[PDB]
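One chain is shown next in structure tokens, namely the form deposited in one PDB entry.
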């Protein structure tokens, strides 16, 4: 019953990549346990990147993630956390391999189209933060 949190960033949404990305997870065999289009508020974003509150790029992260609506989701499946990280590819598109989501759709680190939980613990945190309990099915 392992699960992970995935967010299609503002750039992924405006470029119309939502369906293509979801399709990759569905053909893989993962179950969509939650899904919604939402607008991340300034405060919510800052809480998410709370650990980087002192970083110099913190303001940048917050700005981009709130620049427009995002699509949040929870995926379930065998070792889905690590499998999704593998599917997304390296955080910086230049190092992401062809076949991965960022390797196929992204060109810059600032607009790298998608985010996926790094660990099961981050997943639980992110799910509790972006989704209400009743939104999980």
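Residue numbers count along the first chain shown, from 1.
This protein has a second form, the form deposited with a small molecule bound, left out of what is shown; the following refers to that one.
Asks: Please determine whether each residue of 30, 36 and 71 possesses a non-hydrogen atom within 4.5 angstroms of the small molecule in the deposited complex.
Replies: Not a single listed residue reaches the small molecule in the deposited complex, so no.
Asks: Picking from 72-80, 38-46, 22-30, 106-114, which part of the chain touches the small molecule in the deposited complex when contact means heavy atoms within 4.5 Å?
Replies: After filtering at 4.5 Å, what remains is 106-114.
Asks: Tell me, out of 92, 63, 86, 53, which residue has a non-hydrogen atom within 4.5 angstroms of the small molecule in the deposited complex.
Replies: By the 4.5 Å heavy-atom cutoff, the listed residue in contact is 92.
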